[PDB]
Student: 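Structure provided below as structure tokens; questions to follow.
No hydrogens, no waters, no symmetry mates; every other heavy atom, side chains included, goes into these values. Naming: A, B, ... by sequence-line order, numbering from 1 per chain.
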Amino acid sequence: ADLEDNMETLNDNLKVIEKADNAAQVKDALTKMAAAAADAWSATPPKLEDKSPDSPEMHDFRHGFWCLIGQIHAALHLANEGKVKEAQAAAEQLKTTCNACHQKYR
Amino acid sequence: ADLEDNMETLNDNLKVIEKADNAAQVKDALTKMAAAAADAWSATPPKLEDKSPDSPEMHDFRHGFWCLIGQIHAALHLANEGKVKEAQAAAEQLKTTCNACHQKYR
Amino acid sequence: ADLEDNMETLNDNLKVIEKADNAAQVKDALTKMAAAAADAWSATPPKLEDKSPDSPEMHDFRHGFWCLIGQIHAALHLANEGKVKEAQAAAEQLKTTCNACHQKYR
Amino acid sequence: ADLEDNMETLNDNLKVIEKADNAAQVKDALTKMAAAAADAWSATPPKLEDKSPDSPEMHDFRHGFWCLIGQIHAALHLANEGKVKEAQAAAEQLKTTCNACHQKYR
Amino acid sequence: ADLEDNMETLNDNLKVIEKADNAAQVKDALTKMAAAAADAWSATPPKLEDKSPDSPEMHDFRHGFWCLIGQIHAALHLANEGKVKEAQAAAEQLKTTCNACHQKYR
Amino acid sequence: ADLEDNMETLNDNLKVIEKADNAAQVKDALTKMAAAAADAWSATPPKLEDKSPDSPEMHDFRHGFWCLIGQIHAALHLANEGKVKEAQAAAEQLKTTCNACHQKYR
Amino acid sequence: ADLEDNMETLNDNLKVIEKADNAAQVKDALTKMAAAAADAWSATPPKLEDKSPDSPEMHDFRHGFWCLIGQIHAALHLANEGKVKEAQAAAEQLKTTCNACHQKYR
Amino acid sequence: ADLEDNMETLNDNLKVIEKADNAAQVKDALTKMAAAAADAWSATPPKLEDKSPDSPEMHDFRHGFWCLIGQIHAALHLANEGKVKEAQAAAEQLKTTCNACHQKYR
Amino acid sequence: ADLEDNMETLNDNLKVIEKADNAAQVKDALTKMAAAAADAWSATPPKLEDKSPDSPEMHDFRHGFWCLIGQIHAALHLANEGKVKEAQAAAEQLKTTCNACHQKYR
Amino acid sequence: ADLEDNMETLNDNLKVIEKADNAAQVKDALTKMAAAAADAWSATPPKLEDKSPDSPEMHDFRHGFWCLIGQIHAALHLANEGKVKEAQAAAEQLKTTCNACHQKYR
Amino acid sequence: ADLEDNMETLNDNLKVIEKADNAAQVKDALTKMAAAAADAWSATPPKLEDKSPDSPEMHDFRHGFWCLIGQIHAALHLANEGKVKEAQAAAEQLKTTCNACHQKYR
Amino acid sequence: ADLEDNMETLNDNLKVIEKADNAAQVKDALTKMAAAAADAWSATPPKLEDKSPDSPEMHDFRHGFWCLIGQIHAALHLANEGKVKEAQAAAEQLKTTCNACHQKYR
Amino acid sequence: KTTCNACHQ
Amino acid sequence: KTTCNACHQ
Amino acid sequence: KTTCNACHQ
Ligand code: HEM
Ligand code: HEM
Ligand code: HEM
Ligand code: HEM
Ligand code: HEM
Ligand code: HEM
Ligand code: HEM
Ligand code: HEM
Ligand code: HEM
Ligand code: HEM
Ligand code: HEM
Ligand code: HEM
Ligand code: HEM
Ligand code: HEM
Ligand SMILES: [Zn+2]
Ligand SMILES: [Zn+2]
Ligand SMILES: [Zn+2]
Ligand SMILES: [Zn+2]
Ligand SMILES: [Zn+2]
Ligand SMILES: [Zn+2]
Ligand SMILES: [Zn+2]
Ligand SMILES: [Zn+2]
Ligand SMILES: [Zn+2]
Ligand SMILES: [Zn+2]
Ligand SMILES: [Zn+2]
Ligand SMILES: [Zn+2]
Ligand SMILES: [Zn+2]
Ligand SMILES: [Zn+2]
Ligand SMILES: [Zn+2]
Ligand SMILES: [Zn+2]
Ligand SMILES: [Zn+2]
Ligand SMILES: [Zn+2]
Ligand SMILES: [Zn+2]
Ligand SMILES: [Zn+2]
Ligand SMILES: [Zn+2]
Ligand SMILES: [Zn+2]
Ligand SMILES: [Zn+2]
Ligand SMILES: [Zn+2]
Ligand SMILES: [Zn+2]
Ligand SMILES: [Zn+2]
Ligand SMILES: [Zn+2]
Ligand SMILES: [Zn+2]
Ligand SMILES: [Zn+2]
Ligand SMILES: [Zn+2]
């Protein structure tokens, strides 16, 4: 999957979590998000193609995904415990991280 | 995944196949489509909720997915041979089946 | 397992679902039913032994099992979501399919 | 494998079954037949290459393999029970299904 | 599975073994019996619910299953050698253990 | 792990079960207890090092662990059914078995 | 393997352990002993072939192998820690268990 | 496992490594430590609960675990070579990282 | 295993094959023989200790094992077809190969 | 499979390689050839039935298969690099080896 | 592997990639590089053997491998899509990362 | 891998074995050597490009690798027993075989 | 899963 | 599962 | 699991 595909996966599964009424659906969606973020971590976005791999921008970009992966993990930990509403709240909070990276590099 | 989620998966991956330039991408997308169809085939769509399980409508509905799964296999066979353009052409034919079920039941 | 064994498995696990008070027990029972139906699909019942494999009766017979497998799948989808009562209701509805095939071919 | 390859596999293994004196040989041959028939299920034969997938013709073609797969399954069930003569008889019965499709579509 | 379910599994499969005409069927049935006994050994039967876990009654109860599991293994060993009649004779001996526990605790 | 390590594992996971508010945490803790007890069963405690392997003391010692393993299994059966409070009650009752062996051999 | 085969395996591997100069050799030998003792556990020896499975005699016979298995486990634990001399000493101690059963039942 | 449980796992296994006299024991303990750190890295500690996810404090917190995981790998590499004393020395160095995070955030 | 131990394995399993009354037993014994011979293939026997790897004797020694391995395969093929007596006769013919090598190098 | 059946497998897959237009198809065919040749290696052909395993003819017969297996590997290596035409040419050269053995022993 | 071994692997496989004419060769080489870089990530180089793990220096050293791993991942993504020239170009870009670390720490 | 790359693998791992101070390192290196030699076995070297597969030279070339593979196995057996110095000496003796082939065909 | 397994396995 | 695994594994 | 899998696999 390319960066855009991984973003579609992220966006789609966030919506799935929002509408979900059971732990299994939340777990599955978060698992897909984790895999999408893991694939996207190594990518170079269009607006940073001219930048050095060792640039503050590229460091910050990759950092965003590991921030996101960590938060996905915390959400899944809650979902695995059957705590649907708490995992949904945690998934809602992911958006801050989505937005922050977008504001800079999308 | 609910019916809507599976439809989103089908749609997204059919678009991935169109824009694809390599066999692996086409194979991945088709694999994801087969899994979505495997989940969806046993669902009951909103417009057929008040219908009998042995109704002509539900027979036809289930049959549409089996047709789709068959066609995905033909496309997979081609992608496994590395024939990107042929697999893509086979995937376009899938859309006839998508269209037919939608015309009746969506 | 022979046809009679598979029927015993179907009958037993239907009762298990009825008395169940948790998702795990419902899931396990439905999983066993699916496997029993899958094994029974290819069988030839005593009252159709004289019939052609391509006969309307043999078509209808095999069709009943795939109808049953689909309904088992829908029930399990509900059970996997922790929806015990809904899965139990879905399992109750299976009986129509059990009865229909029996009335004709048992 | 292509359509002709799969037909060669089916024909070769029918011969292996006929001459077999042990269950292992019969089981192995039937397994190869199952694989070949499963692959042929999604193929389009030369005489239907212009036809609709939703056509009476392609419907019927696919149905023929589904029928054959069911019959191979039944023979396999017998071979797994070490019943050489019975499995050989079941394999012999397959020929009517082979022939029916050939008459229409070969 | 509850105690009753495991008893149903034991009973059904012991009957499968009696009527069996092949080693695979006997092996499958014995395998299912061992799994049911593995589940049941740690249960507390209705008639021993008010007894201490270290009571002679609960010691004896658990011991009955270990005896059963041992005998299933002796039957499995024979079935694995394809000795259908000997495995069947070994399975009949199992019934002494079934009877003994029932006489005391059922 | 040595006997002392296995005891630490037993003690730690008992506390985990007590404070737990979900089935997954209870299941995981009991699974770890089962593995710890299984490893400890074959050990020789300091106060029985001078005793024969065939001694009433060594018989009684090994017996305690299988008593414990059985009770852990019953607790896990409850936890697998999502019955958290009942599994926690069952885990509480384990202490009798812990204490009994300690009073004699610790 | 039959009873005599398993005894040959036990005897051969005790000799391998005694002459061993490395942990891998000791671990491998003890693993083979574990397998042999596990298989012998459900065997009926010539001198008890007429006896009750619930008899003091068959009880005691089975118990002897359970005892031996525990001791092999303990020796295996040591070999896994690379402790050649200690594992060899543990293997030597097994002989008392071997001998006890032979005295009664060989 | 919650943060406290993972800390207990880290502490217990670090003590196992100190007292260890063999490579397998050291490797097992380090493996358990890596799994606990993998779980803990995405947690939010009580003293940082009111902090932003992108705060210097949470950056530093996550970073501490990544440092720890790195050091566990260096210790594992040595244990895999059977170098018990060197692996133990490497594990002692881990404590600097334990101490640093505690000083700030515990 | 050392050479002597592999030889013990060859010798014991030849005796097992001789006394066997079922295919499984013969198959099991031949499988163990194949493994022992495969290990022994690269060994240097005491009587050829000062000889070069490229020496006429060491070529001959290795060839002896390749010879034996080929015959074990032929016997295995027969056992896998359930042809007990034929497999036993093939095993008996191995002795020529055993004896020939012994005369030169044992 | 018997020798004749392995030969049918060799012959059919040589034809598949000749007509192939992709690497996957060539790889698949060569893999099946390798398996057939490996099985045939330990067979005794009708024309050498009364001959000794250590006879000049049987050495030559086995060498023929080792020769063929080596060439199939070389062709497989080429197919795995996607070099279709080169792999086809290597397969065509196999015929020399097929023919040479046939002239002597078929 | 030690640090020098891993550097040899990285260097060797960069050369393999440069000379490669097929995707399989490129993918295999990049996989070996990934493994080598992952192992080197937790190593301590001679020039930093006295340094703090929490030092600017060891931080930076580890960061260099994390950077390299990300870049190898990106190249691997391309190789998996059969894009030889593009993956070779991505591999070439790695050299800046190799060089940066060498300048500081070699 | 091509022949040159397999040779680089042989050469590098021989150096690793020479400098090794533990069994794991020697085992790892020998395992990689075995794989490289196995691949090289079916290669045709530049200097024998116009030669027949059945030529005296190609027989000799393949034999050289079989010779090396046998010695690597012998060394591996020693490494697996933790006999580091003995395994190193066996690896050193490989050089005779390396050199002999090079003199003729490199 | 059942329809899929019916062919593949 | 535990008793079973104690022998088999 | 994700960070771990990123290297190992
Ligand atoms: C769960 C959180 C996130 C969501 C829901 C999300 C969603 C999206 C969506 C819907 C798009 C548009 C895709 C398209 O053009 O078709 C996009 C693009 C993009 N996102 Fe994200 N995203 C998330 C996290 C992140 C993070 C953490 C980063 C940076 C570290 C990031 C970087 C980007 C970039 C660079 C693009 C532009 C891709 C391109 O134009 O090729 N996203 N995102
Ligand atoms: C690969 C071919 C197909 C594609 C690309 C596709 C795509 C879609 C999309 C994008 C939607 C809208 C989902 C939404 O509400 O967000 C949809 C809905 C729907 N589709 Fe499909 N579909 C395909 C095959 C099928 C088949 C074969 C059937 C029937 C056998 C079917 C039946 C339906 C139904 C009943 C809905 C309405 C869902 C609802 O409102 O709950 N589709 N489809
Ligand atoms: C969950 C639904 C079903 C249940 C609970 C069920 C139950 C049973 C039971 C208890 C028997 C008697 C077995 C015996 O004689 O020992 C039986 C027989 C039979 N059933 Fe079913 N069944 C179900 C579904 C079906 C379906 C869908 C079909 C046809 C497609 C079918 C066809 C038959 C036939 C042909 C027999 C007679 C077997 C014989 O006499 O050899 N059943 N069933
Ligand atoms: C086990 C039963 C079957 C056997 C033994 C068998 C055998 C064969 C053989 C030997 C051929 C000639 C292949 C060639 O031209 O190279 C063939 C061709 C063909 N078969 Fe079958 N077949 C079987 C089942 C079926 C079924 C069930 C169908 C249809 C559903 C079918 C459809 C065809 C078609 C369309 C051809 C012509 C292929 C072409 O000309 O490209 N076959 N079959
Ligand atoms: C293979 C041998 C066995 C067979 C065939 C067998 C069969 C059965 C059957 C058919 C039932 C009636 C279940 C129902 O209520 O629907 C039952 C009940 C029972 N059995 Fe067994 N059983 C066997 C072994 C054992 C053993 C070894 C024990 C004790 C160690 C035991 C203890 C019980 C108990 C306590 C009940 C009463 C269950 C309840 O009312 O909750 N059984 N058995
Ligand atoms: C869940 C139940 C159990 C718990 C919570 C538990 C807990 C403990 C604890 C915390 C210790 C002290 C460890 C140390 O010295 O560091 C210990 C020691 C010991 N326990 Fe247990 N235990 C349990 C079950 C058992 C059972 C069933 C037995 C006997 C069958 C047993 C036998 C022993 C022995 C012999 C020691 C002394 C070990 C030594 O000094 O080397 N325990 N136990
Ligand atoms: C590691 C400890 C053991 C060793 C080394 C060992 C060794 C042997 C050997 C060499 C034989 C002679 C086999 C033959 O006649 O061909 C034998 C026979 C026998 N052993 Fe063991 N044994 C051990 C443990 C046991 C145990 C624990 C029991 C009872 C629980 C037992 C019961 C028997 C019996 C009943 C025979 C007579 C078999 C027959 O005559 O068919 N053995 N043993
Ligand atoms: C191997 C090194 C480590 C060891 C041995 C260790 C050990 C411990 C122990 C024994 C506790 C007390 C747990 C309890 O309340 O029962 C604790 C608490 C804590 N540790 Fe660690 N730890 C280590 C690494 C770390 C690291 C790297 C961090 C931060 C990056 C950290 C942060 C904390 C925090 C925040 C608490 C408080 C937990 C709470 O009160 O909820 N630890 N640690
Ligand atoms: C199935 C056929 C074979 C059987 C049954 C067999 C059996 C035996 C036995 C029982 C021993 C004595 C081991 C001991 O000292 O305890 C032995 C030793 C030996 N065998 Fe074999 N063997 C067979 C095949 C071979 C072959 C094919 C070769 C040569 C290629 C061979 C070479 C040797 C050598 C060199 C020894 C002496 C080992 C030493 O003294 O260290 N054997 N064999
Ligand atoms: C890829 C190369 C080869 C091909 C295409 C091939 C093909 C065939 C075919 C089609 C048959 C007739 C089978 C039948 O009766 O139905 C046959 C028979 C035979 N082949 Fe081959 N073969 C090959 C390699 C070899 C080799 C290398 C050997 C000797 C080492 C060999 C030895 C034999 C023998 C002995 C028979 C007679 C079998 C019998 O009558 O029972 N073949 N081969
Ligand atoms: C793919 C990129 C890289 C390549 C091709 C490469 C290649 C090499 C080579 C050929 C050596 C000489 C090995 C020897 O002395 O035997 C070496 C040494 C070294 N490299 Fe790299 N390297 C790469 C990446 C890195 C990175 C990213 C770092 C730091 C983060 C690094 C740190 C070092 C160090 C510290 C040495 C000295 C080792 C010593 O003297 O023991 N390398 N490298
Ligand atoms: C462990 C023992 C061996 C070592 C250390 C070794 C090492 C090497 C090395 C370093 C090269 C140069 C590769 C290059 O051009 O970069 C080479 C080339 C070569 N080796 Fe070996 N080798 C060994 C075994 C063998 C054997 C046993 C044979 C023959 C059976 C052989 C045949 C060749 C040939 C034909 C070349 C030339 C490759 C070419 O020019 O394309 N080698 N070897
Ligand atoms: C709805 C359930 C099914 C799913 C999700 C599914 C999925 C797939 C996928 C993803 C592949 C590609 C494997 C790969 O190359 O990685 C495949 C291959 C294949 N499928 Fe299915 N399939 C299903 C049902 C069936 C059925 C019912 C048949 C038989 C009529 C079948 C026959 C085959 C065959 C012959 C292949 C090629 C060989 C193989 O990989 O097994 N599939 N399937
Ligand atoms: C937090 C997640 C991780 C966990 C739980 C973890 C755990 C482990 C464990 C237990 C081992 C020892 C394997 C054995 O010998 O049995 C290992 C080995 C290893 N790890 Fe990790 N690790 C993690 C992350 C990573 C990362 C991010 C990297 C790459 C930067 C990495 C690279 C390696 C390498 C190169 C080895 C040695 C070769 C291998 O077994 O794969 N690990 N890891
Ligand atoms: Zn991707
Ligand atoms: Zn950087
Ligand atoms: Zn779903
Ligand atoms: Zn989407
Ligand atoms: Zn219907
Ligand atoms: Zn069945
Ligand atoms: Zn039909
Ligand atoms: Zn195909
Ligand atoms: Zn053919
Ligand atoms: Zn249709
Ligand atoms: Zn249960
Ligand atoms: Zn029943
Ligand atoms: Zn008790
Ligand atoms: Zn332990
Ligand atoms: Zn005792
Ligand atoms: Zn046995
Ligand atoms: Zn022996
Ligand atoms: Zn008893
Ligand atoms: Zn956790
Ligand atoms: Zn603790
Ligand atoms: Zn941040
Ligand atoms: Zn060995
Ligand atoms: Zn030689
Ligand atoms: Zn064969
Ligand atoms: Zn010879
Ligand atoms: Zn390393
Ligand atoms: Zn190199
Ligand atoms: Zn730091
Ligand atoms: Zn290669
Ligand atoms: Zn030759």
Student: With side chains defined as the heavy atoms from C-beta onward, is the minimum distance between L:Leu10 and L:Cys98 less than 4.5 Å?
Tutor: no
Student: For I:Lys104, does the NZ atom sit with more than 12 other heavy atoms under 6.0 Å from it, leaving out its own atoms?
Tutor: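 Check passes, neighbour count above 12.
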Student: Identify, with sequence neighbours excluded, every residue that meets side-chain hydrogen bond (donor to acceptor under 3.5 Å, both in side chains) alongside I:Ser42.
Tutor: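 side-chain hydrogen bond (donor to acceptor under 3.5 Å, both in side chains) check on I:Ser42 returns nothing, list empty.
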Student: Step by step, work out the side chain to side chain contact (heavy atoms under 4.5 Å, CB included) result for G:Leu14 and G:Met33.
Tutor: CA-CA 8 Å; G:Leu14 217 40; G:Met33 292 187 76; 3.8 Å; yes
Student: Decide yes or no for I:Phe61 and I:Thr44: does some side-chain heavy atom of the first lie under 4.5 Å from some side-chain heavy atom of the second?
Tutor: no
Student: Check step by step if side chain to side chain contact (heavy atoms under 4.5 Å, CB included) holds for L:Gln93 and L:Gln88.
Tutor: CA-CA 9 Å; L:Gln93 281 317 308; L:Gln88 286 176 127; over 6 Å; no
Student: Would you list the pairs meeting salt bridge (charged side-chain N to carboxylate O under 4.0 Å, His left out) in which at least one residue belongs to residues 78-87 of chain G, sequence neighbours left out?
Tutor: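 For residues 78-87 of chain G: G:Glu81-G:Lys83, G:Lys83-H:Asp21.
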Student: So, do I:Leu76 and I:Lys27 sit near enough that their side-chain heavy atoms are less than 4.5 Å apart?
Tutor: yes
Student: Distance check, rounded to the nearest 0.5 Å: L:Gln25 atom CD versus L:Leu30 atom CG?
Tutor: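 Here the interatomic distance stands at 11.0 Å.
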Student: Identify every side-chain donor-acceptor pair in residues 62-70 of chain J under 3.5 Å, counting partners at least two apart or on other chains, and give the distances.
Tutor:
unit_1, atom_1, unit_2, atom_2, d
J:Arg62, NH1, J:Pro53, O, 3.3
J:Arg62, NH2, J:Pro53, O, 2.8
J:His63, NE2, L:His59, NE2, 3.3

Student: Could you check if a side-chain atom of I:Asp2 sits within less than 4.5 angstrom of a side-chain atom of I:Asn6, using non-hydrogen atoms only?
Tutor: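 No, too far: nothing below the 4.5 Å cut-off.
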Student: Could you tell me whether a side-chain N or O of K:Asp39 sits under 3.5 Å from a main-chain N or O of K:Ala35, the two making a donor and an acceptor?
Tutor: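 Answer holds: no.
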Student: Looking at residues at least two apart in the chain, or sitting in another chain, which of them share a side-chain hydrogen bond (donor to acceptor under 3.5 Å, both in side chains) with I:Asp28?
Tutor: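 Checked I:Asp28 against side-chain hydrogen bond (donor to acceptor under 3.5 Å, both in side chains); matches are I:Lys32.
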Student: Under the salt bridge (charged side-chain N to carboxylate O under 4.0 Å, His left out) test, which residues partner L:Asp54, sequence neighbours left out?
Tutor: none
Student: Provide the full list of salt bridge (charged side-chain N to carboxylate O under 4.0 Å, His left out) pairs with a residue in residues 90-100 of chain L, sequence neighbours left out, each pair given once.
Tutor: L:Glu18-L:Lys95, L:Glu92-L:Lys95
Student: Might you point out which heavy atoms bring G:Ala91 and G:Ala75 nearest each other, and give the distance in Å?
Tutor: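 Shortest heavy-atom separation between G:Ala91 and G:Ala75 comes out as N-CB, 4.5 Å.
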Student: Under a 4.5 Å cut-off applied to non-hydrogen side-chain atoms, are L:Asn11 and L:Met7 in contact?
Tutor: no
Student: Minimum heavy-atom separation for K:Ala29 to K:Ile17, with atom names?
Tutor: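 Scanning both residues completely, I find the closest heavy atoms to be CB-CG1, 3.6 Å.
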Student: Do you know the tightest heavy-atom contact between G:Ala20 and G:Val84?
Tutor: O-CG1, 4.3 Å
Student: Counting N and O atoms only, with roles assigned by atom type, does the side chain of J:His77 sit under 3.5 Å from a partner on the main chain of J:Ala87, one being a donor and the other an acceptor?
Tutor: no
Student: Side chain of K:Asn13, backbone of K:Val16: donor and acceptor closer than 3.5 Å?
Tutor: no
Student: Would you call K:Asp5-L:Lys19 a salt bridge at under 4.0 Å N-O?
Tutor: yes
Student: What closest approach, in Å, do L:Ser52 and L:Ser55 show between heavy atoms, and which atom pair accounts for it?
Tutor: O-OG, 2.7 Å
Student: Does the side chain of L:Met58 come within less than 4.5 Å of L:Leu48's, by heavy atoms?
Tutor: yes
